[PDB]
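As provided, work.txt (compact mmCIF, N, CA and C atoms and all ligand atoms) reads as follows.
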# COMPACT_ATOMS: atom_id res chain seq x y z
N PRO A 1 0.83 -1.22 0.00
CA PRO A 1 0.00 0.00 0.00
C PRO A 1 0.86 1.27 0.00
N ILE A 2 0.10 2.33 -0.21
CA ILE A 2 0.76 3.65 -0.28
C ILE A 2 1.02 4.15 1.14
N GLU A 3 2.20 4.67 1.36
CA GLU A 3 2.69 5.29 2.57
C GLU A 3 3.39 6.63 2.35
N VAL A 4 3.42 7.51 3.33
CA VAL A 4 4.12 8.80 3.28
C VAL A 4 5.21 8.62 4.34
N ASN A 5 6.45 8.79 3.99
CA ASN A 5 7.57 8.59 4.91
C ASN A 5 7.89 9.92 5.59
N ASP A 6 8.88 9.84 6.48
CA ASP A 6 9.28 10.99 7.28
C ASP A 6 10.01 12.10 6.52
N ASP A 7 10.30 11.90 5.25
CA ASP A 7 10.94 12.91 4.41
C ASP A 7 9.86 13.93 4.00
N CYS A 8 8.62 13.68 4.25
CA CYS A 8 7.59 14.64 3.86
C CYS A 8 7.93 16.03 4.34
N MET A 9 7.93 16.99 3.46
CA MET A 9 8.25 18.38 3.74
C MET A 9 7.02 19.25 3.80
N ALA A 10 5.87 18.66 3.77
CA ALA A 10 4.53 19.26 3.78
C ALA A 10 4.37 20.20 2.58
N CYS A 11 4.78 19.72 1.43
CA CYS A 11 4.72 20.44 0.14
C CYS A 11 3.26 20.63 -0.29
N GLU A 12 2.44 19.64 0.03
CA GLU A 12 1.05 19.44 -0.20
C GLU A 12 0.67 19.32 -1.68
N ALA A 13 1.65 19.01 -2.49
CA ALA A 13 1.31 18.80 -3.91
C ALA A 13 0.36 17.59 -3.96
N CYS A 14 0.64 16.55 -3.21
CA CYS A 14 -0.21 15.33 -3.24
C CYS A 14 -1.67 15.65 -2.89
N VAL A 15 -1.92 16.56 -2.00
CA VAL A 15 -3.32 16.94 -1.62
C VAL A 15 -4.08 17.63 -2.73
N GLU A 16 -3.45 18.47 -3.52
CA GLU A 16 -3.94 19.24 -4.65
C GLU A 16 -4.25 18.37 -5.89
N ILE A 17 -3.39 17.44 -6.15
CA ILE A 17 -3.38 16.48 -7.22
C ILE A 17 -4.28 15.31 -7.03
N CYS A 18 -4.39 14.76 -5.84
CA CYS A 18 -5.22 13.56 -5.56
C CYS A 18 -5.88 13.64 -4.19
N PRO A 19 -6.87 14.51 -4.05
CA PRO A 19 -7.57 14.76 -2.79
C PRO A 19 -8.34 13.60 -2.22
N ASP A 20 -8.66 12.63 -3.01
CA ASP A 20 -9.38 11.42 -2.61
C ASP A 20 -8.45 10.44 -1.94
N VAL A 21 -7.17 10.61 -2.10
CA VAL A 21 -6.21 9.68 -1.49
C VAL A 21 -5.34 10.37 -0.43
N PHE A 22 -5.07 11.65 -0.50
CA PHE A 22 -4.18 12.32 0.44
C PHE A 22 -4.83 13.55 1.10
N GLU A 23 -4.55 13.58 2.41
CA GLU A 23 -5.02 14.70 3.25
C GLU A 23 -3.85 15.07 4.16
N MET A 24 -3.90 16.29 4.67
CA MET A 24 -2.84 16.74 5.61
C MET A 24 -3.30 16.32 7.04
N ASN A 25 -2.32 16.01 7.90
CA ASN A 25 -2.63 15.70 9.29
C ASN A 25 -3.08 17.02 9.97
N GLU A 26 -3.54 16.83 11.23
CA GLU A 26 -4.05 18.00 11.97
C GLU A 26 -2.97 19.05 12.21
N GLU A 27 -1.76 18.62 12.54
CA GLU A 27 -0.63 19.53 12.76
C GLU A 27 -0.38 20.30 11.46
N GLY A 28 -0.60 19.57 10.35
CA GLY A 28 -0.38 20.15 9.04
C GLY A 28 1.06 20.06 8.63
N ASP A 29 1.81 19.07 9.03
CA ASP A 29 3.24 19.00 8.68
C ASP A 29 3.54 17.66 8.03
N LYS A 30 2.46 16.90 7.82
CA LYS A 30 2.68 15.61 7.15
C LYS A 30 1.39 15.19 6.46
N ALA A 31 1.59 14.58 5.26
CA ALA A 31 0.39 14.11 4.54
C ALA A 31 -0.02 12.74 5.14
N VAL A 32 -1.28 12.47 5.04
CA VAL A 32 -1.91 11.24 5.50
C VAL A 32 -2.56 10.53 4.31
N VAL A 33 -2.49 9.23 4.28
CA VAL A 33 -3.11 8.45 3.20
C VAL A 33 -4.52 8.00 3.61
N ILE A 34 -5.53 8.53 3.01
CA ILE A 34 -6.91 8.15 3.30
C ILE A 34 -7.26 6.77 2.75
N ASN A 35 -6.66 6.30 1.68
CA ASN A 35 -6.99 4.97 1.10
C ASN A 35 -5.68 4.40 0.57
N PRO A 36 -5.07 3.57 1.35
CA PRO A 36 -3.75 3.04 1.03
C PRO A 36 -3.73 2.01 -0.04
N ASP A 37 -4.88 1.51 -0.39
CA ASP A 37 -4.98 0.55 -1.53
C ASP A 37 -5.56 1.16 -2.84
N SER A 38 -5.62 2.48 -2.99
CA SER A 38 -6.18 3.17 -4.14
C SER A 38 -5.46 2.80 -5.45
N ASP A 39 -6.26 2.70 -6.46
CA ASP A 39 -5.78 2.45 -7.83
C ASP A 39 -5.90 3.72 -8.71
N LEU A 40 -6.34 4.85 -8.17
CA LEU A 40 -6.54 6.07 -8.93
C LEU A 40 -5.24 6.42 -9.61
N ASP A 41 -5.40 6.95 -10.82
CA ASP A 41 -4.23 7.37 -11.62
C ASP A 41 -3.59 8.60 -10.96
N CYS A 42 -4.36 9.36 -10.16
CA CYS A 42 -3.70 10.55 -9.54
C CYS A 42 -2.63 10.10 -8.52
N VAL A 43 -2.69 8.84 -8.11
CA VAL A 43 -1.68 8.38 -7.12
C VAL A 43 -0.32 8.52 -7.80
N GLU A 44 -0.25 8.01 -9.02
CA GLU A 44 1.07 8.06 -9.72
C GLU A 44 1.53 9.45 -9.94
N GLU A 45 0.57 10.32 -10.22
CA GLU A 45 0.93 11.73 -10.39
C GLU A 45 1.48 12.38 -9.15
N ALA A 46 0.82 12.07 -8.04
CA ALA A 46 1.26 12.58 -6.69
C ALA A 46 2.65 12.11 -6.32
N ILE A 47 2.95 10.82 -6.61
CA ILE A 47 4.28 10.25 -6.29
C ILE A 47 5.35 11.01 -7.05
N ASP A 48 5.06 11.23 -8.37
CA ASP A 48 5.96 11.90 -9.33
C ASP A 48 6.13 13.36 -9.02
N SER A 49 5.12 13.95 -8.43
CA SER A 49 5.12 15.36 -8.05
C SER A 49 5.63 15.68 -6.66
N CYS A 50 5.92 14.64 -5.87
CA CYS A 50 6.41 14.94 -4.54
C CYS A 50 7.93 15.23 -4.58
N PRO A 51 8.28 16.42 -4.14
CA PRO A 51 9.72 16.82 -4.22
C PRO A 51 10.61 16.06 -3.30
N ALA A 52 9.98 15.59 -2.20
CA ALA A 52 10.66 14.86 -1.13
C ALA A 52 10.77 13.37 -1.38
N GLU A 53 10.03 12.95 -2.37
CA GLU A 53 9.93 11.53 -2.76
C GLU A 53 9.52 10.70 -1.53
N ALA A 54 8.57 11.34 -0.82
CA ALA A 54 8.07 10.81 0.42
C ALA A 54 6.99 9.78 0.19
N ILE A 55 6.40 9.73 -0.98
CA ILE A 55 5.28 8.78 -1.21
C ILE A 55 5.77 7.50 -1.81
N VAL A 56 5.51 6.36 -1.23
CA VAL A 56 6.03 5.09 -1.77
C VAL A 56 4.95 4.03 -1.73
N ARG A 57 5.25 2.92 -2.36
CA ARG A 57 4.38 1.75 -2.42
C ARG A 57 5.12 0.62 -1.68
N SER A 58 4.64 0.25 -0.52
CA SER A 58 5.22 -0.79 0.32
C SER A 58 4.60 -2.18 0.21
N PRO B 1 0.38 -3.42 9.25
CA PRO B 1 0.01 -2.10 9.80
C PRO B 1 -1.49 -2.01 10.09
N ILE B 2 -1.76 -0.90 10.77
CA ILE B 2 -3.15 -0.66 11.18
C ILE B 2 -3.92 -0.08 9.98
N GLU B 3 -5.11 -0.58 9.77
CA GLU B 3 -6.08 -0.19 8.78
C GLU B 3 -7.50 -0.01 9.32
N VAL B 4 -8.33 0.81 8.71
CA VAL B 4 -9.74 1.02 9.07
C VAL B 4 -10.49 0.46 7.86
N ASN B 5 -11.35 -0.49 8.05
CA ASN B 5 -12.07 -1.12 6.94
C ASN B 5 -13.38 -0.36 6.71
N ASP B 6 -14.11 -0.85 5.70
CA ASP B 6 -15.35 -0.21 5.28
C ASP B 6 -16.53 -0.37 6.25
N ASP B 7 -16.37 -1.14 7.31
CA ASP B 7 -17.39 -1.31 8.33
C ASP B 7 -17.39 -0.06 9.23
N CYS B 8 -16.44 0.81 9.11
CA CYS B 8 -16.42 1.99 9.96
C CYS B 8 -17.75 2.70 9.94
N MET B 9 -18.33 2.95 11.07
CA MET B 9 -19.61 3.61 11.24
C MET B 9 -19.47 5.05 11.67
N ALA B 10 -18.29 5.55 11.68
CA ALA B 10 -17.86 6.89 12.09
C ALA B 10 -18.26 7.15 13.55
N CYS B 11 -18.00 6.18 14.38
CA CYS B 11 -18.28 6.20 15.83
C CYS B 11 -17.41 7.25 16.53
N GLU B 12 -16.19 7.41 16.03
CA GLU B 12 -15.10 8.24 16.40
C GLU B 12 -14.53 7.96 17.79
N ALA B 13 -14.81 6.77 18.28
CA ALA B 13 -14.20 6.42 19.58
C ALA B 13 -12.68 6.42 19.37
N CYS B 14 -12.21 5.86 18.28
CA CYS B 14 -10.74 5.78 18.02
C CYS B 14 -10.09 7.18 18.05
N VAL B 15 -10.75 8.19 17.57
CA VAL B 15 -10.18 9.57 17.56
C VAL B 15 -10.03 10.17 18.95
N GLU B 16 -10.93 9.91 19.87
CA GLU B 16 -11.00 10.34 21.25
C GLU B 16 -9.96 9.65 22.16
N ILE B 17 -9.79 8.38 21.95
CA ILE B 17 -8.90 7.46 22.62
C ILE B 17 -7.48 7.52 22.18
N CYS B 18 -7.19 7.68 20.91
CA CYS B 18 -5.81 7.71 20.38
C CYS B 18 -5.65 8.71 19.24
N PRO B 19 -5.68 10.00 19.56
CA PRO B 19 -5.61 11.09 18.59
C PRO B 19 -4.34 11.18 17.79
N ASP B 20 -3.29 10.60 18.25
CA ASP B 20 -1.98 10.57 17.59
C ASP B 20 -1.96 9.54 16.49
N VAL B 21 -2.91 8.63 16.48
CA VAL B 21 -2.93 7.58 15.45
C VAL B 21 -4.17 7.69 14.56
N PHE B 22 -5.29 8.21 15.01
CA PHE B 22 -6.52 8.25 14.23
C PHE B 22 -7.12 9.67 14.14
N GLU B 23 -7.53 9.92 12.89
CA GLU B 23 -8.19 11.20 12.57
C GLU B 23 -9.37 10.85 11.66
N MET B 24 -10.33 11.76 11.61
CA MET B 24 -11.50 11.55 10.72
C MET B 24 -11.12 12.13 9.33
N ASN B 25 -11.66 11.52 8.27
CA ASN B 25 -11.45 12.04 6.92
C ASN B 25 -12.25 13.37 6.81
N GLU B 26 -12.01 14.03 5.65
CA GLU B 26 -12.68 15.33 5.44
C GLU B 26 -14.19 15.22 5.40
N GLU B 27 -14.71 14.18 4.76
CA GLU B 27 -16.16 13.94 4.68
C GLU B 27 -16.68 13.75 6.11
N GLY B 28 -15.82 13.12 6.93
CA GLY B 28 -16.18 12.85 8.30
C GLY B 28 -16.99 11.58 8.42
N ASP B 29 -16.80 10.59 7.59
CA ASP B 29 -17.62 9.37 7.67
C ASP B 29 -16.72 8.15 7.76
N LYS B 30 -15.41 8.45 7.87
CA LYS B 30 -14.49 7.31 8.02
C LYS B 30 -13.23 7.80 8.73
N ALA B 31 -12.71 6.89 9.61
CA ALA B 31 -11.47 7.27 10.30
C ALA B 31 -10.28 6.99 9.34
N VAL B 32 -9.24 7.74 9.56
CA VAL B 32 -7.99 7.65 8.81
C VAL B 32 -6.86 7.33 9.78
N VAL B 33 -5.93 6.51 9.35
CA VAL B 33 -4.77 6.17 10.19
C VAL B 33 -3.59 7.08 9.88
N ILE B 34 -3.23 7.94 10.78
CA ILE B 34 -2.10 8.85 10.60
C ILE B 34 -0.75 8.13 10.70
N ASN B 35 -0.63 7.06 11.44
CA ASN B 35 0.66 6.33 11.58
C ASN B 35 0.32 4.85 11.67
N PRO B 36 0.42 4.18 10.56
CA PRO B 36 0.01 2.79 10.47
C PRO B 36 0.94 1.81 11.11
N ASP B 37 2.11 2.27 11.45
CA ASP B 37 3.08 1.41 12.20
C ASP B 37 3.20 1.74 13.71
N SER B 38 2.29 2.50 14.31
CA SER B 38 2.32 2.92 15.70
C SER B 38 2.34 1.73 16.67
N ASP B 39 3.09 1.93 17.71
CA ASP B 39 3.19 0.96 18.81
C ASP B 39 2.46 1.48 20.08
N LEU B 40 1.82 2.63 20.03
CA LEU B 40 1.16 3.23 21.18
C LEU B 40 0.16 2.24 21.72
N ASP B 41 0.07 2.25 23.05
CA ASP B 41 -0.88 1.35 23.75
C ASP B 41 -2.31 1.81 23.44
N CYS B 42 -2.50 3.09 23.09
CA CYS B 42 -3.91 3.49 22.81
C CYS B 42 -4.44 2.79 21.54
N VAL B 43 -3.53 2.24 20.74
CA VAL B 43 -4.00 1.56 19.50
C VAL B 43 -4.87 0.40 19.96
N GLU B 44 -4.35 -0.35 20.91
CA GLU B 44 -5.13 -1.55 21.37
C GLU B 44 -6.42 -1.16 21.97
N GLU B 45 -6.41 -0.04 22.68
CA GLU B 45 -7.66 0.44 23.26
C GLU B 45 -8.70 0.83 22.24
N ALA B 46 -8.22 1.52 21.20
CA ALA B 46 -9.10 1.94 20.06
C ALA B 46 -9.71 0.76 19.34
N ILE B 47 -8.90 -0.30 19.12
CA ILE B 47 -9.39 -1.51 18.42
C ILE B 47 -10.53 -2.13 19.20
N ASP B 48 -10.29 -2.24 20.55
CA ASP B 48 -11.22 -2.84 21.52
C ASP B 48 -12.47 -2.02 21.71
N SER B 49 -12.34 -0.73 21.52
CA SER B 49 -13.46 0.21 21.64
C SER B 49 -14.24 0.49 20.38
N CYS B 50 -13.78 -0.06 19.25
CA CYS B 50 -14.54 0.20 18.04
C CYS B 50 -15.73 -0.78 17.93
N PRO B 51 -16.92 -0.21 17.88
CA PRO B 51 -18.14 -1.07 17.85
C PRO B 51 -18.30 -1.87 16.60
N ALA B 52 -17.71 -1.29 15.52
CA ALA B 52 -17.78 -1.86 14.17
C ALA B 52 -16.70 -2.88 13.88
N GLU B 53 -15.75 -2.91 14.77
CA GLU B 53 -14.57 -3.78 14.67
C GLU B 53 -13.89 -3.54 13.32
N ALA B 54 -13.86 -2.23 13.02
CA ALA B 54 -13.34 -1.73 11.78
C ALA B 54 -11.83 -1.61 11.82
N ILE B 55 -11.23 -1.59 12.98
CA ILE B 55 -9.76 -1.39 13.05
C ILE B 55 -9.02 -2.69 13.09
N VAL B 56 -8.10 -2.95 12.21
CA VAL B 56 -7.41 -4.25 12.19
C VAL B 56 -5.92 -4.05 11.97
N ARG B 57 -5.19 -5.13 12.13
CA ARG B 57 -3.75 -5.17 11.93
C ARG B 57 -3.50 -6.13 10.75
N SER B 58 -3.10 -5.59 9.62
CA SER B 58 -2.84 -6.33 8.39
C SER B 58 -1.39 -6.71 8.13
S1 LIG C 1 6.28 16.64 0.71
FE1 LIG C 1 4.50 15.63 1.82
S2 LIG C 1 2.69 16.92 1.62
FE2 LIG C 1 2.61 15.47 -0.11
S3 LIG C 1 3.76 16.42 -1.82
FE3 LIG C 1 5.30 15.20 -0.79
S4 LIG C 1 4.05 13.76 0.52
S1 LIG C 2 -16.55 3.05 13.77
FE1 LIG C 2 -14.83 4.17 12.69
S2 LIG C 2 -14.58 6.19 13.59
FE2 LIG C 2 -13.18 4.83 14.72
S3 LIG C 2 -14.36 3.93 16.45
FE3 LIG C 2 -14.61 2.44 14.83
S4 LIG C 2 -12.93 2.99 13.33

Mind turning this structure into structure tokens?
Amino acid sequence: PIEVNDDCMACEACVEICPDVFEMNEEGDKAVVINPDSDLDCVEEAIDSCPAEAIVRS
Amino acid sequence: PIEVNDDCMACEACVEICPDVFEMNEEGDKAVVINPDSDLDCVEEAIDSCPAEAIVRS
């Protein structure tokens, strides 16, 4: 499944690109995965758009 | 890791009991796991307190 690692810089590109799969935590300093088994094509876009390369498939 | 399945009834007991691990999604109808690898003891409490038995360890 999809995970956000500790390299997250809170860029929030993933939230803008794929809102159905990524949300920011309450603190607002790390993205959260709402559906870790998503097949949406925006997932690939979010991974490719993360500067921190924080989004991975485990 | 910890997951919330589709049986979630949005009881939000998990959010009250272990706020560092569970948050509600934006719609507010499903809990989200902020740290799926957490070892906090409140995780066990949240699992035990979920009426829907929606929280599991995969
Ligand atoms: S830095 Fe974090 S907020 Fe999203 S764009 Fe990369 S996972
Ligand atoms: S119903 Fe859902 S909101 Fe939490 S208490 Fe059970 S996982």

Quick one: 6 Å padding each side, axis-aligned, all listed atoms of ligand LIG 1 (chain C) - centre and edge lengths in Å to one decimal, as JSON?
{"center_x": 4.4, "center_y": 15.3, "center_z": 0.0, "size_x": 15.7, "size_y": 15.2, "size_z": 15.6}

Would you mind listing, for every residue of chain B within 8 Å of ligand LIG 2 (chain C), the two atoms forming the shortest contact and the distance between them in Å to one decimal, using only N, CA and C atoms and all ligand atoms, sorted by chain and ascending residue number, as a Markdown table?
| residue | atom | partner | partner_atom | distance |
| --- | --- | --- | --- | --- |
| B:3 | C | C:LIG2 | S4 | 7.4 |
| B:4 | CA | C:LIG2 | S4 | 5.7 |
| B:5 | N | C:LIG2 | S4 | 6.5 |
| B:7 | C | C:LIG2 | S1 | 5.6 |
| B:8 | CA | C:LIG2 | FE1 | 3.8 |
| B:9 | N | C:LIG2 | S1 | 3.2 |
| B:10 | CA | C:LIG2 | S2 | 3.7 |
| B:11 | N | C:LIG2 | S1 | 3.5 |
| B:12 | N | C:LIG2 | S2 | 3.2 |
| B:13 | N | C:LIG2 | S3 | 3.4 |
| B:14 | N | C:LIG2 | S3 | 3.4 |
| B:15 | N | C:LIG2 | FE2 | 5.0 |
| B:16 | N | C:LIG2 | FE2 | 7.6 |
| B:22 | CA | C:LIG2 | FE2 | 7.5 |
| B:23 | C | C:LIG2 | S2 | 7.3 |
| B:24 | CA | C:LIG2 | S2 | 6.8 |
| B:28 | C | C:LIG2 | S2 | 7.8 |
| B:29 | C | C:LIG2 | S2 | 6.5 |
| B:30 | C | C:LIG2 | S2 | 5.3 |
| B:31 | N | C:LIG2 | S2 | 4.5 |
| B:32 | N | C:LIG2 | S2 | 6.9 |
| B:46 | C | C:LIG2 | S3 | 6.3 |
| B:47 | N | C:LIG2 | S3 | 7.4 |
| B:49 | C | C:LIG2 | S3 | 5.2 |
| B:50 | CA | C:LIG2 | FE3 | 3.9 |
| B:51 | N | C:LIG2 | FE3 | 4.7 |
| B:52 | N | C:LIG2 | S1 | 4.8 |
| B:53 | N | C:LIG2 | FE3 | 5.5 |
| B:54 | C | C:LIG2 | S4 | 5.0 |
| B:55 | N | C:LIG2 | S4 | 4.9 |
| B:56 | N | C:LIG2 | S4 | 7.7 |

Could you pull out all residues of chain A with a DSSP call of strand (DSSP E or B) and give them as a list in words?
->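 The residues of chain A classed as strand (DSSP E or B) are residues 2, 3, 4, 22, 23, 24, 31, 32, 33, 55, 56 and 57 of chain A.
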
Pick the closest to residue 57 in chain B from B:2, B:21, B:43, B:33: which is it, counting all atoms listed in the file?
->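 When distances to residue 57 in chain B are compared using all atoms listed in the file, the smallest one comes from B:2.
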
Could you pull out all residues of chain A with a DSSP call of helix (DSSP H, G or I) and give them as a VMD selection string?
-> chain A and resid 13 to 17 41 to 49

At what distance in Å, to one decimal, does CA of residue 38 in chain B lie from atom C of residue 44 in chain A?
->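 According to the coordinates, atom C of residue 44 in chain A and CA of residue 38 in chain B are separated by 26.5 Å.
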
If you measure from CA of residue 25 in chain A to atom N of residue 37 in chain A, what distance in Å do you get, rounded to one decimal?
->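 Taking CA of residue 25 in chain A as the start and atom N of residue 37 in chain A as the end point, the length is 17.3 Å.
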
Interatomic distance between CA of residue 17 in chain A and CA of residue 6 in chain B?
->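 Value for the CA of residue 17 in chain A-CA of residue 6 in chain B distance: 24.0 Å.
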